[PDB]
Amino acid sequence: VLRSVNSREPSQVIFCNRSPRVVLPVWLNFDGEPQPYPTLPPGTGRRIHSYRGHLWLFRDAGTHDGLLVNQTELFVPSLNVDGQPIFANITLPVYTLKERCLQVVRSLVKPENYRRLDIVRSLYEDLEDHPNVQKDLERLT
């Protein structure tokens, strides 16, 4: 369904990581499967050789928290105009205050111990629902 188009038409890209997270680029191959790429340290870049119609999304490499690319969820490299590479501007989203707390708490408590925190049962299920590329790919479809 949500796949890269096999255009075989080169498109030059700059992944820019304007986030404080280690960014994991995720390419969606031609069968729809997420393919992880080498990670980007915060504020660093990588010129990447992609193709028109291809699908990229970006995640915190450690938590798989979802990032934005050019203020949106999916990045599709387009035609290079005047030979200038395309900029994939990876940024932090404005997470909800709820998601952000789940992030901080997920990062302090080993998941074995989520049930040892004194909070309502809705929050244990929310904590255990880790951000996840598979889940998100369904949401976007």
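The term rigid core refers to the most C-alpha atoms you can superpose between the two forms while keeping them within 1.5 Å. Start at 1 and count along the sequence shown; that's the residue number.
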field: Greater Cα displacement in 9 other deposited structures of this protein once the core is superposed, comparing 21 to 29 with 115 to 123
entry: 115 to 123
query: Of 40 to 48 and 78 to 86, which one has the bigger average CA B-factor?
result: 78 to 86
- prompt: What stretch has the higher average Cα B-factor here, 121 to 129 or 17 to 25?
  reply: 121 to 129
- line: From the entry's CA B-factor values, the highest among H54, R115, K98, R59 is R115
- request: Would you please rank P111 by its C-alpha temperature factor against the other modelled residues of its chain and give the third it falls in: lowest, middle or highest?
  value: highest
